[PDB]
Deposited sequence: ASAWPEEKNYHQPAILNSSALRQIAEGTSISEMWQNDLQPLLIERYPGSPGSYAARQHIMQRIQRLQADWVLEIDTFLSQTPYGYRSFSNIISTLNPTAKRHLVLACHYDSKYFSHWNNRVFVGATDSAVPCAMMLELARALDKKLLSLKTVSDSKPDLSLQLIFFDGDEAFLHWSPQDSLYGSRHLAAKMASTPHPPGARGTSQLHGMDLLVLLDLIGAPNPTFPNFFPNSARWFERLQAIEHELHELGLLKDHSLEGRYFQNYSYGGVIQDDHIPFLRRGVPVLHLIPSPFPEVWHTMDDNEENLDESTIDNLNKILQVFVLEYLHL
């Protein structure tokens, strides 16, 4: 009986030196992400809407154009909702599908439903169009390094549909795509042919990005079983800062601070966390001031903060994958 699902407990990063850090800082482009990955998503995209379809095609197209060997799957299913039965479609993009272990980055691509109000439309810029765009920019910026994966460990991206409640949050009206996918992964043997291990056992760590893009975010260290990875984000932020590789950034105003949070924040990691998957929850506390208002738009995003977080996340991912 293999102990491979315990490998994630001892897994250590291969830390980048200064020269490599400067290279990663220079290899991501916030303006290219803005134009090519983010703006096409700043549209109404609640589940089942025309915008949902457009957002899903955009995400698939941007991944498909890359050199790395991404395998795209659309996980479509039905769920009861306050409005009756509806269909939802999660997007999963995976490098090395048969690799036993994957580091998983995720966010939700649906936007919360709101009837148009005084001609304004909710596009959920921080929630979570930016997180989607950060994942797409990370795939683009690290494409040459990721192509080399073509340590039985690789990378997977998940874009959840139906994170938002159709009304106000309730246990049955929220997290449609993640409750469905977590259950599906928990009941799918992995690697193919396995007798007793599932796709969830293969999830080394679920890094969930949510509500990112406002000024001065502070991310709490939520869980003890991922605290050492939260510490790595702190260290990466500190070193990128010291090397002069971040913009409009100070250590007093750092994003990863030393502080936990006792409470529970309901989000797409919950169905995974309750089935034993380690989670690194990159959601700020407090939430952006524009949360769930028509002001959660492009004008209120903080460009340099998103750029700095792209650098930090890309270094974290390369160090985890030893690339």
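Gaps in the model relative to the deposited sequence occur at one place only, 151 to 156.
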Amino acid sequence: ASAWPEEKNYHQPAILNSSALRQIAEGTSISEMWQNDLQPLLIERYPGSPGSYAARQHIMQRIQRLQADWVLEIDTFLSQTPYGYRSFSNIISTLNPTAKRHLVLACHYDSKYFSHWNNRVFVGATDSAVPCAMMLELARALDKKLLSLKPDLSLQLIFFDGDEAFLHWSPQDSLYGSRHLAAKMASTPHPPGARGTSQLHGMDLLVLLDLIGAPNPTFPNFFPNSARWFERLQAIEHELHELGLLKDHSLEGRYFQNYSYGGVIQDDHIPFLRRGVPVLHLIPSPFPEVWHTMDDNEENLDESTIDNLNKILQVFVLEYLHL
From here on, numbers count along this sequence of modelled residues.
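Just going by the entry, 255 to 263 versus 28 to 36 on mean CA temperature factor gives the higher value to 255 to 263. For the segment pair 111 to 119 and 201 to 209, the entry gives 111 to 119 the higher mean B-factor, averaged over Cα atoms. Comparing C-alpha B-factors across 136, 175, 167, 125 in the deposited entry, the largest value falls on 167. Looking only at 68, 290, 270, 282, the residue with the top Cα B factor in the deposited structure is 68.
For residue 186, the recorded CA B-factor ranks within the middle third of the chain. Only modelled residues enter the ranking. Ranked against the other modelled residues of its chain, the C-alpha B-factor of residue 161 as given in the entry falls in the lowest third. Residue 151: CA B factor in the highest third of modelled residues in this chain (values from the PDB entry). When all modelled residues of the chain are sorted by CA temperature factor, residue 84 is found within the highest third. Sort the modelled residues of the chain by CA B factor and residue 51 lands in the highest third.
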